[PDB]
Amino acid sequence: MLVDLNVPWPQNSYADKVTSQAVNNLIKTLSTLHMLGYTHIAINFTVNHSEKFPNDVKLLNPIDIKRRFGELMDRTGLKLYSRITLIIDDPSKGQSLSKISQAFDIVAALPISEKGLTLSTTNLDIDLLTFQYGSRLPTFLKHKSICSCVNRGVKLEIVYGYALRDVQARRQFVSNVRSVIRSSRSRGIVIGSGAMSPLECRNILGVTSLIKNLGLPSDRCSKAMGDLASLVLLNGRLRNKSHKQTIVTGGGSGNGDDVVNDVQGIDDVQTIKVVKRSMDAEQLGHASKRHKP
Amino acid sequence: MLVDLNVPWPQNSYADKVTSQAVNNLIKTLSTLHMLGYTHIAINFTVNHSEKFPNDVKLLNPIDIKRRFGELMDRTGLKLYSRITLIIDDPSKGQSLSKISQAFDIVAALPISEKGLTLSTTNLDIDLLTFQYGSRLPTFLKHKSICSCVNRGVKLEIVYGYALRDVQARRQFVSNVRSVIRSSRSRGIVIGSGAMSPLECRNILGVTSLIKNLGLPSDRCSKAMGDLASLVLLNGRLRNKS
Amino acid sequence: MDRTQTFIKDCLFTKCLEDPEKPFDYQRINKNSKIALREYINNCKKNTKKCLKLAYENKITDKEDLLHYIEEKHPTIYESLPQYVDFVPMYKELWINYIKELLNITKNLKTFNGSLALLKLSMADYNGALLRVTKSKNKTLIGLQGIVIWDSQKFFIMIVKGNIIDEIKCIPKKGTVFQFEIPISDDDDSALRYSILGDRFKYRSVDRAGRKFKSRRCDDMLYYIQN
Amino acid sequence: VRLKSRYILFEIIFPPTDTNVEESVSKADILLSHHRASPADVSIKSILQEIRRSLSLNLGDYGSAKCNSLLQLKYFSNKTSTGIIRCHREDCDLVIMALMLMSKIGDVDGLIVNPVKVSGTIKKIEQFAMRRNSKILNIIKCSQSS
Amino acid sequence: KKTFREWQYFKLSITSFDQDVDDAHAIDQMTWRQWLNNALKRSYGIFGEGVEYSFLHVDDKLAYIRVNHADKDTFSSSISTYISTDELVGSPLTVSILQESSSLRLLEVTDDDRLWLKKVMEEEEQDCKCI
RNA sequence: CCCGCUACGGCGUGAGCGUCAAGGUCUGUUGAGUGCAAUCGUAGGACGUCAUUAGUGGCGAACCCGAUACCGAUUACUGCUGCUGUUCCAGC
């Protein structure tokens, strides 16, 4: 199973309206990721810290998984998650994480400054730390801070699609990624493809070769897409739907229903999951002694 | 202590007389070789196989180490050896080895032909094989012609001085040298500096890094530059003396 | 004469000499309710093992004939046997009606609020619940349904019937996933199914009444992705 | 695991490209004739801008991406033409091979670069450089006294 | 008492979208070499351009490329790096590297060119074992 | 403080000793000892585990790098060993 958790949405501000051409382009790149092969896609959306957040409930997310991607799912056979990377630079007055977090699935951050990087790892409840690989690293990444943050949770995320943009950006990208791999102690590394087009898509064995040539091993790369990728999905998926990893509204069937795998069988209206009477306390004993299922 | 064994003599034909500028330029580039710090110098001279060999004894070598370089041998603190690379393409006007091996010290060859490689591996008791790293690769390097020749004792030579000539020649240089590395099994690789000017001499730390990034390990490179170089020098010296 | 001195640094010193050497009746039961509960859950397991032995001696696979066989031939052994047929209506109806009252589950379902309901379930006790091991690190623990007689800190106590087995079943919580169905009063139209994970909460119910649960590293949950 | 970087000492040597004027054959005299002087427009930023252009045109983009992560010139003075380049321990091969292929500066041509000392610390490289310059002063003083 | 790695095969498949381009444009054999030299010239310099690679069993946007072992990732990182642009095709293309193996055993179709390539490899392996 | 010159405290040498003072130094540094912080790269052979289409291929991990040394305690991971508890399956 493969997770690609940094596909961007062609919108930056809430005042802008997405045209149908970008939506069709996203449909074509999802068909591209379904063509060669992938398992999970978590599409990303960017907001700033100094913007004016809307005081709405059902209008915070211009993602619309149900009406357009619910139609794409039946011909596709995959799933989509909606996530936000927080572009936070200064500790301003804007703090509405209790609505933006519970509205979406995965909460990320994009720090630029010194103190913001500290208060993100310290107090801000997020899932992933993304750095601006297009621009310079802020000051320096320390070992014991990032190590304690990985031991607390949140892992670092490397965007190999940002090197496919320009020529000059590749040097700054590698200079950031080698420092991230060195200061992260190769524990918290989750990789993702930041492509805005299907014309910049790659296969698993090429991304593995890229991670080989950057400095991280190969078995640890595939383990990062098998173990480390799908666990940080489950972290935010249990934090925002259910309680703080405590009591889940997701049906535990044999091999078909899961909190990660069965998204459509859970009513995403509020919380609930309508399940038929599969548990009868009257005449059901041990599982190997049953005869009706 | 190092061995540099591929310095060319500024003359190609015996009819051409060496000018006074070329001798001074050779003294300049050999002093530049000693400046970075070397021990052995074996200057090379190029002849064609279509050229008619002279029937002389004391005139086969227009190098004259004793009268010109005999002063610099005493002043600088080094020594010189004379060697010949053979530009052989076709088996015609040739097959003479009993006279050219006694005058000179090390006998090398330059095959550019498909049958030339076979006749070099078959019936030439030579020391080193040189390929044209400047021009294109002749046909294709294989393990069959190389492994039968390296196990006999003949070494394969890489000229790191030909890389600092042009910009376009560097690509064909890398394509030739990496082919020699993948075909040579990383054993019989002797490297030399083919510099004609003093502006093209490098030190051991850069050249070792060059041959390391081109595909030879650091053990085989330094082990070659010491042992195999000073072994083929004694091979030529015992072909002279014994 | 080497630095690695095996006999000298450990066996022969005075600091590591303590290390192993290199050459080498009714009132007394219910004084504490916990110890009496432990004695009861041990006595139920011993009586279940004796019931299995007497059931192989009976050579009758039917459990309804087996209970009457024990009533006829073994009176003192029958006294500590559980009664699952009695255990189902005395627990399930009260549990379902308590959850229908507490979580405000009524005929009007379109005014539901999930976050406060999960907070109430975090505040409600699980003593008397029907719960099912749906996923586990052990492949043999899954498929077990049972009703709670007592909540422990890091284990879980249920009861399940087989063909003739009536053993009190203890199941570890560290690395297991549990699920329970909440029915709605309509017949075969709609019902709810919730899930918990016993590795996430590792405290007493006394502490669970007061504790506000926070985030964890959650690295050991790979089994939930694995199976 | 800390920042295990390797420092590389390099020296700019000017070969005596003059075929019309005769030459003297000695040790410290040819040390004088090769260790002459650096030209006027030589600084830290000029050598960095030249070595980045050589890194681009010789090794490419992704090689320059791997090289330019911790590629800095820590110490350089034009009076002696010796410089110390910080680099990674893995791409030290790439940095030395980039120092080898330095052909010319954009202002002054006719020069070679000698990488001399490589170590993981700068304090031992300075100690070796002082001893090497002391040996140079010994050779100069021996040829000057006689 | 071991076996030296001679080279390694690489299985490429040019995934080309915008079906009008896939139906109109037809890549010939010289375009493969020109685009691979352009890809090794964009991200790498002279030494990355001097990687020895030859062409074997070329099909319609399908390629098998042999590259020496000591620079394996040096090849396979660059192929997933460069994007085709401004070379006789109006749209850019994507590359899918399907599988890698160093032991000659791949099964594409029941075609007979693979048996001929295996015989050519065994004629060199016998010279490696004997000589 | 002893020797020679001179004689009011003086002067010259001992590669001499005792006291006192000085952010002048401490690789006076350790069967590793750095301090803008070294602890390497490759090849061959021996052993162990796992997967094979002909017999070979991959792996020897993870945590973490001191800064004078030592001991005890705690915490991060792999493998072995003993005990305890749980679940599943039978011998009669």
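Don't worry about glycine lacking a Cβ; one is built from the backbone with ideal geometry, like all the others, and counts go over all protein chains shown. Here, each number is a calculation from the coordinates, and none is a lab measurement.
Residues that are polar (S, T, N, Q) and within 14 Å of chain E (Cβ to nearest Cβ) within the stretch B:167-204 comprise B:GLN168, B:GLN172, B:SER175, B:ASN176, B:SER179, B:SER183, B:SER184, B:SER186, listed in sequence order. Among the residues of the stretch B:54-77, those that are within 20 Å of the chain's Cα centre (by Cα) and away from chain D (no Cβ under 14 Å) comprise B:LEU60, B:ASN61, B:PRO62, B:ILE63, B:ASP64, B:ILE65.
Meeting the requirement of 1 or more residues that are more than 16 Å from RNA strand F (Cβ to nearest atom), the strands (runs of 3 or more DSSP E) wholly within the stretch C:139-227 are C:176-183, C:191-197. Among the criteria (1) surrounded by fewer than 20 Cβ atoms within 10 Å (Cβ to Cβ); (2) within 11 Å of chain C (Cβ to nearest Cβ); (3) not acidic (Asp, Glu), the one A:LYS273 does not fulfil is (1). Would a scan of the stretch E:62-78 turn up a residue that is within 14 Å of chain B (Cβ to nearest Cβ) and over 22 Å from D:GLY63 (Cβ atoms)? There is at least one residue in the stretch E:62-78 that is within 14 Å of chain B (Cβ to nearest Cβ) and over 22 Å from D:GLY63 (Cβ atoms). The residues on offer are E:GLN8, E:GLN19, and the sole one that is within 16 Å of RNA strand F (Cβ to nearest atom) and either within 22 Å of A:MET35 (Cβ to Cβ) or surrounded by 18 or more Cβ atoms within 10 Å (Cβ to Cβ) (or both) is E:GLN8.
Suppose the filter is over 19 Å from the mean Cα position of the chain (by Cα), within 16 Å of RNA strand F (Cβ to nearest atom) and aliphatic (A, V, I, L, M); does B:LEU210 pass it? So B:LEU210 does not fit the description; no. For A:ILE84, indicate whether it is under 17 Å from A:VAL154 (Cα atoms), of a type in the set (A, V, I, L, M), part of a loop (DSSP other than H, G, I, E, B) and under 20 Å from the mean Cα position of the chain (by Cα). Answer is no for this residue. The set of residues in the stretch A:1-30 that are polar (S, T, N, Q) and touching a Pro at 6+ places or on another chain (Cβ under 7 Å) comprises A:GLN11, A:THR29.
A search for C-beta distances below 6 Å between a residue of the stretch B:29-55 that is under 30 Å from D:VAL113 (Cβ atoms) and any residue that is polar (S, T, N, Q) and assigned to a strand (DSSP E or B), counting only pairs 6+ apart in sequence or on different chains, returns B:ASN44/B:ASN6; B:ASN44/B:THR85; B:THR46/B:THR85. Considering the stretch A:105-124, the residues that are surrounded by 16 or more Cβ atoms within 10 Å (Cβ to Cβ) and hydroxyl-bearing (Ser, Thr, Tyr) include one that is farthest from RNA strand F (Cβ to nearest atom), namely A:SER120. Considering the stretch D:39-146, the qualifying helices (runs of 4 or more DSSP H), each wholly inside and each with 3 or more residues that are within 16 Å of RNA strand F (Cβ to nearest atom), run over D:92-100, D:122-145. Among all positions in the stretch E:58-74, there is at least one residue which is aliphatic (A, V, I, L, M), away from RNA strand F (no atom under 16 Å from the Cβ) and closer than 20 Å to A:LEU33 by Cα. Before we move on, is B:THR76 out of contact with any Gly (no Cβ under 6 Å at 6 or more places or on another chain) and either over 30 Å from D:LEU31 (Cα atoms) or in a loop (DSSP other than H, G, I, E, B) (or both)? Here the answer is no, as B:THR76 does not meet what is asked. Screening the stretch D:9-20 for residues that are over 16 Å from D:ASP107 (Cβ atoms) and more than 9 Å from every other protein chain (Cβ to nearest Cβ) and picking the one that is farthest from RNA strand F (Cβ to nearest atom) gives D:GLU11. If the condition is being at the interface with another protein chain (Cβ under 10 Å from one of its Cβ atoms) and within 11 Å of the chain's Cα centre (by Cα), then the stretch C:142-159 contributes C:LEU144, C:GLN145, C:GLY146, C:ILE147. Would you point out which residue out of C:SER190, C:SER185 is over 19 Å from C:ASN127 (Cα atoms) and away from chain A (no Cβ under 11 Å)? Result of the check over C:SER190, C:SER185: C:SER185. Among residues of the stretch D:102-114 that are more than 12 Å from every other protein chain (Cβ to nearest Cβ), those with a beta-carbon under 8 Å from a residue that is surrounded by 14 or more Cβ atoms within 10 Å (Cβ to Cβ) and of a type in the set (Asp, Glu) at least six positions away or on a different chain give the pairs D:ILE105/D:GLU50; D:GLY106/D:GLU50. Flag: D:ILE30 matches the condition of being away from RNA strand F (no atom under 16 Å from the Cβ), out of contact with any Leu (no Cβ under 8 Å at 6 or more places or on another chain) and β-branched (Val, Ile, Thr).
Cβ separations smaller than 6 Å between residues 6+ apart or across chains give the following pairs from the stretch B:139-159 residues that are within 11 Å of chain E (Cβ to nearest Cβ) to residues that are part of a loop (DSSP other than H, G, I, E, B): B:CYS147/E:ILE131; B:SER148/E:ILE131; B:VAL150/B:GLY188. Scanning the stretch E:79-118 for residues that are within 14 Å of another protein chain (Cβ to nearest Cβ), out of contact with any strand residue (DSSP E or B) (no Cβ under 8 Å at 6 or more places or on another chain) and either over 23 Å from E:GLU49 (Cβ atoms) or within 16 Å of RNA strand F (Cβ to nearest atom) (or both) returns E:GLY90, E:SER91. In the stretch A:231-257, which residues are within 20 Å of the chain's Cα centre (by Cα) and under 28 Å from C:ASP187 (Cβ atoms)? Those that are within 20 Å of the chain's Cα centre (by Cα) and under 28 Å from C:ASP187 (Cβ atoms): A:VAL248, A:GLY250.
Of the listed requirements (1) within 14 Å of another protein chain (Cβ to nearest Cβ); (2) surrounded by 12 or more Cβ atoms within 10 Å (Cβ to Cβ), B:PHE45 misses just one: (1). Only a single item in (1) more than 8 Å from every other protein chain (Cβ to nearest Cβ); (2) among the aliphatic types (A, V, I, L, M); (3) under 15 Å from D:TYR7 (Cβ atoms) is not met by D:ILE96, and it is number (1).
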